[PDB]
Amino acid sequence: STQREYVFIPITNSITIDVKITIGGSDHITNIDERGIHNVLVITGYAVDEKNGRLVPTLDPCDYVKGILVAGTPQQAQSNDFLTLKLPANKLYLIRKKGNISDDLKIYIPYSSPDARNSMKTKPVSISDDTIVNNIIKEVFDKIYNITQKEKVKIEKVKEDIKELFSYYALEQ
Amino acid sequence: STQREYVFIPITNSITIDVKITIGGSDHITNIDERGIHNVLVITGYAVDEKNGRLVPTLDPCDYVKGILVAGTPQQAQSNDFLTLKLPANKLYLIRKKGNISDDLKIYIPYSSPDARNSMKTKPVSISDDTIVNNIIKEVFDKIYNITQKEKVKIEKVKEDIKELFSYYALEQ
Amino acid sequence: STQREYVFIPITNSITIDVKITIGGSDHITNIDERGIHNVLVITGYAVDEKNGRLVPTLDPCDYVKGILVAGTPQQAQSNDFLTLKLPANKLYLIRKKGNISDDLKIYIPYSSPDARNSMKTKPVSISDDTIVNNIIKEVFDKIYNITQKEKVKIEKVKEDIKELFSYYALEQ
Amino acid sequence: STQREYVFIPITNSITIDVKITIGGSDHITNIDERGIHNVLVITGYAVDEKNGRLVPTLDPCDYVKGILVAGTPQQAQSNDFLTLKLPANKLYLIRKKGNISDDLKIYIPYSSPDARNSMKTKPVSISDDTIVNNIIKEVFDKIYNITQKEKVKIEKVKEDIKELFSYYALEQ
Amino acid sequence: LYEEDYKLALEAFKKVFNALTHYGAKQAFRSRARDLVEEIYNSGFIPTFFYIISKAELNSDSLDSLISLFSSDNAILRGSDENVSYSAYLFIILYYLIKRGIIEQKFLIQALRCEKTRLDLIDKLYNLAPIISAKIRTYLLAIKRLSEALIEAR
Amino acid sequence: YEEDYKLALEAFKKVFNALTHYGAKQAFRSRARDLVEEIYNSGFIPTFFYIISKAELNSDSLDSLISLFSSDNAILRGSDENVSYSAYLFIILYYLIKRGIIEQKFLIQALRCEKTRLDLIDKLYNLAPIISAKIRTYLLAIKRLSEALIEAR
Amino acid sequence: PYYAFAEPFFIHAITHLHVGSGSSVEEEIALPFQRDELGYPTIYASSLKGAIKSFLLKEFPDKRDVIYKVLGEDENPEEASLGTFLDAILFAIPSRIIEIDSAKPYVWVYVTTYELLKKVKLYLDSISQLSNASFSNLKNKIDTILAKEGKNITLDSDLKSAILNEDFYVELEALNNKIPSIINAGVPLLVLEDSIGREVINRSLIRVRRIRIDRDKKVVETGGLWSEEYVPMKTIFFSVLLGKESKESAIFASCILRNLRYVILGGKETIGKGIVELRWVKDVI
Amino acid sequence: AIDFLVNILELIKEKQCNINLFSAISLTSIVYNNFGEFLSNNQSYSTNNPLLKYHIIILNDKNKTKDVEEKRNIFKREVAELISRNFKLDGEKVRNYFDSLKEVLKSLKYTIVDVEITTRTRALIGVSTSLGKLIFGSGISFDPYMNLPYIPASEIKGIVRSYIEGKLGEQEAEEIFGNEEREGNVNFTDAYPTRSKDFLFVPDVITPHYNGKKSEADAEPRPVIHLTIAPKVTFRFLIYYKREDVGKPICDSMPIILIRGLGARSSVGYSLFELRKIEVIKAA
């Protein structure tokens, strides 16, 4: 089998340290081939809260979250806090997908408390501020695909893959 | 304030074990006003494994769980196995929005944590069989609808649209 | 008689030692009236390198900058590399002309070299991250405004109009 | 990067020699095709005082000057008061575009001091006195484009087009 | 507050114009706007609307791009010059339907991405047909003028 | 004051000189007879959208207009109709500049971008009930001048 | 009374009709059809008068003085014209229909609204006040229809539901079949409530696109493309022809208005549009 | 109602020629453009709707998407064939229409020329007009109240005038067809089909490979199913006028201008017609 993790990409990054093994097998669903990121995942109905980075299960479908796919494990103290999910590579939602994977998935996505104490005044949050992006490049891209920025002379490509796509929804409260 | 509750439309029977409060006040928002059932919220993003039914979350947005919105706290022996959440009610996905909203809608939804062992499979369902309709029409609505029995004369206007307006994506595993 | 200093509304953290004299005059031109800021100027034909912001002269007839009109001199030991200009004061692209002009004045303006080891490249910017906007309010603007806490009940007007009002086309490199 | 040099249409005889090479290659973008001067680069915000005719860097958008974009260098003789530039050759403001462009360029602008010693009061001017344009078809348009008077048999059209298509701003300081 | 037909057209066209990166996309969108109004008159709003949905060649990333355009204003319409032109005119029509409060955004999105909800969207549009056909063509005429003013021919 | 007839004389001078082909002049005469009545009936913003649609402000006719502001010898090039509509748009923008409804500084960095041109149209939308009442007699004068000077084709 | 004669009549489009209002920056079409203040197709009485008067003058050369006294001497008018044309209000317009669950299938059905019938009834009342001439056969039929106002109804058919102009799904109620054939034909007649019949009747018009051809390139000239609105064949308009007391009014109503059945209305007469039959209620209801 | 939709092809084939073809095709286009959705267990479970036949057949299994796409191509071809075979011509209403119209014109003292022409090759009139446009991309000039395809009187007048000014100069034309200062002296009615042989419409294709291409490395056929007017379909129209002059130029113009095109794509021999009959009724 093979399991993947899900690190959403907000304006900040309290989500870098999440895994034991960097690569897993040879499997990494998201594809970066000098042309843009592939096999990206968006989740209808859910939100993310910027503080103590995890997801927030909302109810309205418009509330969507755009994280990426890396192969990993939930740091060995979860599935009591994270929501394990096995889906057969055709019952999931990809965007700009590169190819096919072989229905061997167990994703460990973030999850915080649903916070049924205040109202989820969700906020449409895009990404700007190249200065916040420069380091988040290495915190997520060579963190998993360390062949980028090694031979990859595509400095602005993997930067441009985010600033116009990963516009998620957040609470900011 | 007021904290409502949302229950599905199954083909199985586990509904009494948890729902307690009929109205808890003066009037609902969900209605049979001889125009059809109105303000029936629609969840999108969950899967229904309904043998002794409780909702499990999926990754698909085309998976939709649909029911009615009961006002009342279920059984007061819970709030550790329910997805509790209070949306400000303009982030709720309804059907035939007629009137206004309480500006905040706390919802207690029966929930089954995923516990990924198999791979999920979701199948749509359209229901039928006027008996298998009435035996939900006026035993559990009756528990929650009491201004009926004197004005809801033609039950057909609900027994006919429960078999066309409701659906889900079943799991059966 | 008068030489002005013109600082922009950046995102990066070089905002404070770019403005030394608080006012250095009699009364301000970029000054709020609890109805929105007035008298802000839009220099056009220049770029902005996001690193240590300094107006990069460009041929783009659509790349501009936005900043504030203050008296005094910047830093007492600089302005040789600056864009030094004494102006007829009426050829100026100001916003919210609710008064008249001195009809003659002078400003120093920041500047970095063309510095072409790549081609020119600028992209639109809409300054946001209201935490890193109210920080600009309290760092330099509240410093430029020695009127605060003597007239300031509404910092949130500054908050509301700077997020939307000021923009530029940063080098983003 | 292929270098194209910039020079405008003055009325003071500061015209003849502003690049040591004439063509230095066999390419050009400022065509002449019996349809007037194609691709007349305009740069607003810079005014020209013809006494040592050079663009003064202004910040007034209305003060425009539009001249030729020859293929040349600063002769390696006037490189102090110039400012280099590498730009994607669409950040220009060409006029009567006939085809595609290099999208890579090096221009050097006739560039005067910021004139910090005076207020840069601007003066608009137009072009008349057809010998004013004839003698400058002589002064540069022979030593730049040999296709004049040698391949152009209907040069009067280019005469009226330099007369109508050219106007600029000075300071009279 | 309430925006009339021309102001709503301005806002919609402005959100589209920044998303069509390549200029051929813009010119194809101009060609769309210039004739889809006469099409909507001759064939009806619902036939032409589903024709536009089909010709937008969704069932790709184009769908989440089109839904992101609603909020991000940093989003980009991706596809061929025909696909993105129809996708952008579809965004035009959806923006109208949403701002006029005729159909909610969530239902429209879910009907646009789900085999199931599409048929009841057909039902709903046949319900709401007069409320739309009453005035959508003025807003679309304003879109046509904005297109043939802000964009040129081939 | 009646200095709007004077403003009309100035604008009509600039236009009558920038239309070199007499066909363009006659086409402008037609635009003048029509568009003022259309602003009366259908309102300003509709007619302004109609006009900027048929003026085809690509990038080149645009600079001819910015120059026609300043250089009294700038000409308008294009089809007879394509330049008549652009001349009438210049009439409108001229009035808006002189009466200081919108700064010419703004109107200049709008006719050069396509990225602030939409902001120009937005601004003109924030001011349509003002302009609609102001320009009435000015456009009536422009129409009278055009019927008076330019030959009926 | 005020008028010596009141002669209401129906206007039946033999061919298609175009009576235009000229171009406007509000219509998406180049050459639209004359509308109402309500929005329905119309024929302004000025168009009606000009057309019928030109016709009458060219067709009754010996009665020129009568036509001049009644409809106004052309130039040098020393007097007002005795005659009056009210306005041609849309009675019933063909509308294309898709109906399942009906024995006789139909390609198009006459459509009207309660508002249009209200204006017909209003004209009828007003001309009864001023003419000492009543048409209460019409008034009774029309009030019988108007009694049902607020619900889409059918008259000469049993149509449960239908789709009109492929965008409007409506449900109908029959009428008391004692309601007669006002159109006097075999086609049904829907009477829709106004908030839907408005959209139906507006989408019920034919928008044809014409072009002009480069005689040398044999291609389309630039800017040589435009639309025109026509009103279908067999469309029905209702108006009245009024006349003050006179000896000319007598001969006009009694000889001219008898032998006047066909005319040409509006524009596009050379591409075959604009032919019209006038059926007077007086003559044959 | 959606039930009107999922049962519209049955309507085309059972109500044949008595259905409103314009609205029929318009509603069919909704099914055609939501094919993948109308097939996901929404065939109305009937047995004479063509829509469940696309549930029996299997065209691909490695892709449900490709399955739907190929099924949809087949369904487009089948819609073309349905319209062409079922919607036949009954030209009795048109014969009555033209006889009554000619009587009207005899009353108005016109001189009528009733011309009958026959299609020789699959014609294309109104190829940019909306009919089947939302399925096929092309269209036919269709009168939705006569429920027929027709030839506009403007088109016939334009072609006759183009020819007359070809062989009589740009001034005798304006003497006949008027100009911006005189009305024409010749009136034209639209042309409607009065009698066919077997079909009224006919499917056809056009498959550009190289149109608008640079080289062979971007060449690709794109086949365009559409509907054309069958051969041997006979149209008729009227020509009426009050002066006796204009009778001469139109008479001899009629036989000549028809053998060359009367619609679209005449250059590759499509809208070629045939003067079947001409007849002149003088009034006074």
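Here the numbering of residues is sequential along each chain, from 1 in written sequence order, and it may depart from the entry's numbering. Residues without coordinates do not appear. Chains and ligands are labelled sequentially in the order written, the chains with letters from A and the ligands with numbers from 1. Because the shown chains make up only part of a larger assembly, each value pertains to the shown part and nothing beyond it. Side-chain numbers here rest on the full set of heavy atoms in the structure, without hydrogens or water.

As documented in the archive entry, the model was determined using cryo-EM at 2.68 Å resolution.

Under the PDB entry, the name given to chain H is CRISPR-associated RAMP protein, Cmr6 family, and the organism recorded is Sulfolobus islandicus.

Under the annotation held in the PDB entry, chain E carries the name CRISPR-associated protein, Cmr5 family and is attributed to Sulfolobus islandicus. Here chain E is described in UniProt, under the heading Subcellular location (unreviewed entry), as follows: "Cytoplasm". UniProt positions are given in the numbering used here, feature names are shortened, and annotations may be inferred rather than shown by experiment.

A. Region of the structure containing the overall build of chain E. Think of it this way: any DSSP run of H or I at least four residues long counts as a helix, any run of E at least two long counts as a strand, and we number them from the N terminus. Scanning chain E from N- to C-terminus turns up nine helices and zero strands. From first element to last, N terminus to C terminus, chain E shows the α and β order α-α-α-α-α-α-α-α-α. Expected size for 154 residues packed as a compact globule is a radius of gyration near 15 Å; at 14 Å, chain E falls within 12% of this value. Within chain E, the fraction of its 154 residues that count as buried is 73%. For this analysis, residues touch if any pair of their heavy atoms sits within 4.5 Å. Taking all contacts inside chain E whose residues are at least 6 apart in sequence as the whole, residues at least 24 apart take part in 77%. Both definitions apply: the radius of gyration is a C-alpha atom measure, and the globule rule equals 2.2 Å times residues to the power 0.38. Note on exposure labels: buried denotes an accessible area under 20% of the residue type's maximum, exposed denotes more than 50%, and partly exposed covers the range between, all computed with a 1.4 Å probe on protein chains only.

B. Molecular detail of the nonpolar core. Nine residue types can take part in a nonpolar core, namely buried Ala, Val, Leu, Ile, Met, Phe, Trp, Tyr and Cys, and a core is a set of them joined through side-chain atoms within 4.5 Å. Core analysis: the biggest nonpolar cluster contains 528 residues, and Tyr139(E) and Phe252(G) have the highest contact counts within it. Ignoring any residue separated from it by four or fewer positions in sequence, one finds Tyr139(E) in contact with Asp5(E), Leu8(E), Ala9(E), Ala12(E), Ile92(E), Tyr95(E) and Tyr96(E).

C. Molecular detail of the pattern of salt bridges. Think of a salt bridge as a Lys or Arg side-chain nitrogen and an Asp or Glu carboxyl oxygen that are within 4 Å of each other. What the rule picks out here adds up to 71 salt bridges over all chains. Residue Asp33(C) is joined to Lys98(C) by a salt bridge in which the shortest nitrogen-to-oxygen separation is 2.9 Å. You can see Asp33(C) sitting in the loop between β1 (4-5) and β2 (40-44) and its partner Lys98(C) sitting in the loop between β7 (94-95) and β8 (105-109), a full 65 residues away along the chain. According to the relative accessible area criterion, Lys98(C) is exposed, its value standing at 54%. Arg117(F) is the salt-bridge partner of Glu114(F), the closest N and O atoms lying 3.0 Å from each other. Judged by relative accessible area, which is 4%, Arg117(F) ranks as buried. Counted as one network, the salt bridges with shared partners bring together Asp99(H), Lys102(H), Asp114(H), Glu116(H), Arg195(H), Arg236(H) and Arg276(H).

D. Layout of the packing of aromatic side chains. Here a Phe, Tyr or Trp ring, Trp counted by its six-membered ring, pairs with any other such ring whose centre lies within 6.5 Å, and the pair is stacked when the planes are under 30 degrees apart, edge-to-face when over 60, and tilted otherwise. Enumeration according to the criterion identifies 44 aromatic pairs over all chains in this entry. On the numbers, 5.6 Å between centres and 35 degrees between planes, the contact of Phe91(E) with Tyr95(E) is tilted. Taken together, the residues span about one helical turn, with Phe91(E) and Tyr95(E) both in helix α5 (residues 81-99) at a distance of four residues. Across the pair, exposure class does not vary: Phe91(E) and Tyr95(E) are buried alike. Consider the rings of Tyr50(F) and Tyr85(F), whose centres lie 6.1 Å apart with planes at 70 degrees: the pair is edge-to-face.

E. View of the interface of chain H and chain G. Across the boundary between the two partners, chain H contributes 43 residues, which contact 40 residues of chain G. Counting the surface lost from both chain H and chain G, the interface buries some 3,300 Å², and carbon and sulfur atoms represent 62% of this. On the chain H side of the contact with chain G, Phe4(H), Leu108(H) and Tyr145(H) bury the most area, a combined 24% of that side's loss. If you look at where chain H meets chain G, you find two salt bridges. Ionic pairing is found between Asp190(H) and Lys273(G), a salt bridge with its closest N-O pair at 3.7 Å. Throughout this description, a polar contact denotes any pair of N or O atoms lying within 3.5 Å of each other; where both atoms belong to protein, one of them has to be capable of donating a hydrogen while the other can accept it, and for residues adjacent in sequence the pair is counted only when both atoms sit in side chains. Linking chain H to chain G there are 10 residue pairs in polar contact. Among the secondary structure elements, those contributing two or more residues to the side of chain H that touches chain G are α2 (8-14), α3 (21-33), α7 (92-107), α8 (153-177) and β4 (187-188) of chain H. Looking at the side of chain H that touches chain G element by element, the count peaks at seven residues for α8(H). A simple way to read buried area is as the amount of 1.4 Å-probe accessible surface that goes missing from two parts once joined, with both sides added.

F. Inspection of unusual backbone geometry at higher detail. Residue and element names in this part refer to chain C. Phi at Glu34 is positive, roughly 55 degrees, even though this residue is not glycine. You can see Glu34 is positioned in the loop between β1 and β2. Residue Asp115 is not a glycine yet carries a positive backbone phi of 55 degrees. The topology assignment puts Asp115 in the loop between β8 and β9 (123-126).

G. Fine view of the state of the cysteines. For this text, the term disulfide refers to a pair of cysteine sulfurs within 2.5 Å. Scanning all chains against the criterion turns up two disulfides over all chains. Disulfide pairing is shown between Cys62(B) and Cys114(E); the S-S distance is 2.0 Å. Disulfide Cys62(B)-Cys114(E): the torsion about the S-S bond is -115 degrees, which places it as left-handed. In this pair, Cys62(B) is assigned in the loop between β6 (54-57) and β7 (64-66) and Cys114(E) in the loop between α6 (105-113) and α7 (115-127), connecting two distinct chains. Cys114(E) matches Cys62(B) in its accessibility class, with the two residues each being buried. Covalent S-S linkage joins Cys62(C) and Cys113(F), the inter-sulfur distance amounting to 2.0 Å. Between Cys62(C) and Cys113(F) the sulfur-sulfur dihedral comes to about -120 degrees; the bridge is accordingly left-handed. Here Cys113(F) lies in the loop between α6 (104-108) and α7 (117-126) and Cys62(C) lies in the loop between β4 (55-57) and β5 (64-68), a pairing that spans two chains. A relative accessible area of 12% means that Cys62(C) is categorised as buried.

H. Main features of the pairing of strand β1 (residues 5-13) of chain G. Residues and elements named next belong to chain G. Counting buried residues in β1 gives nine out of nine residues, a clear majority hidden from the surface. Where burial is concerned, the two faces of β1 agree: the one with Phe5, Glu7, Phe9, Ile11 and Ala13 and the one with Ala6, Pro8, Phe10 and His12 are both buried. Any two strands between which DSSP finds at least two bridges are classified as paired. Pairing of β1 with strand β12 (residues 236-243) involves eight bridges; the strand directions are antiparallel. Residue pairing across strands places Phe10 opposite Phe238, the latter belonging to β12. Here β1 runs beside strand β14 (residues 275-280); their pairing, made up of five bridges, is antiparallel. Looking at β14, one finds that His12 is bridged to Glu277.

I. Quick look at helix α2 (residues 23-43) of chain E. The end-to-end C-alpha distance of α2(E), which contains 21 residues, comes to 29 Å, matching closely the 30 Å that a straight helix rising 1.5 Å per residue would cover. Bending is quantified residue by residue as the angle between axes fitted to the seven-residue window ending at that residue and the seven-residue window starting at it. Of all bends in α2(E), the biggest is about 35 degrees, found at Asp35(E). Under the convention used throughout, the expected extent of a helix is 1.5 Å for every residue step, that is, one less than its residue count.

J. Examining the side chain of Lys14(F) more closely. Residues and elements named next belong to chain F. Relative to the helices and strands, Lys14 is located in helix α1 (residues 3-18). Residue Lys14 is classed as buried on the basis of its relative accessible area, which comes to 14%. Sequence-distant contacts of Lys14, defined by excluding residues within four places in its chain, comprise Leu68, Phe69, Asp72, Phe90 and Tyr94.

K. Looking closely at the pairing of strand β3 (residues 46-49) of chain D. All names here are of chain D. By the alternation rule, side chains of β3 split into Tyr46 and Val48 and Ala47 and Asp49, which are all buried. As paired elements, β3 and strand β4 (residues 54-57) share four bridges and run antiparallel to each other. Counted as the bridge partner of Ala47 is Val56 from β4. The antiparallel hairpin formed by β3 and β4 contains four residues in its connecting segment, where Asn52 sits at a positive phi of about 50 degrees.

L. Expanded view of the sheet that holds β2(C). All names here are of chain C. Read across the open sheet, the three strands follow the order β5-β2-β7; overall the sheet is antiparallel. Each of the sheet's edge strands pairs with one partner strand only, and the pair in question is β5 and β7. In terms of strand pairing, β2 meets β5 through five bridges, oriented antiparallel. Among the inter-strand pairings, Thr44 is bridged to a residue of β5, identified as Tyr64.

M. Region of interest: the packing of helix α3 (residues 45-55) of chain E against α3(H). One way to put it is that α3(E) packs onto α3(H) with a least axis distance of 9 Å and a crossing angle of 30 degrees. Judged on the interaxial angle alone, α3(H) and α3(E) are roughly parallel. Handedness of the α3(E)/α3(H) crossing: left-handed. Two secondary-structure elements touch here, α3(E) through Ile46(E), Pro47(E), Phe50(E), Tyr51(E) and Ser54(E) and α3(H) through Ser26(H), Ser29(H), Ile30(H) and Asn33(H). Residues are grouped as follows: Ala, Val, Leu, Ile, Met, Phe, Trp, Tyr, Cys and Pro are nonpolar; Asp, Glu, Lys and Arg are charged; every other residue, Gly included, is polar. Residues that form the contact of α3(E) with α3(H) fall into these classes: five nonpolar, four polar and no charged. Convention adopted: a line fitted to C-alpha atoms gives each axis, helices being fitted over their contacting stretch, and angles between N-to-C directions are expressed from 0 to 180 degrees. For this classification, under 35 degrees means roughly parallel, over 145 means roughly antiparallel, 65 to 115 means roughly perpendicular, and everything else is oblique. Crossing chirality is assigned from the near helix's rotation relative to the far helix, an anticlockwise turn below a right angle marking it left-handed and a clockwise turn marking it right-handed.

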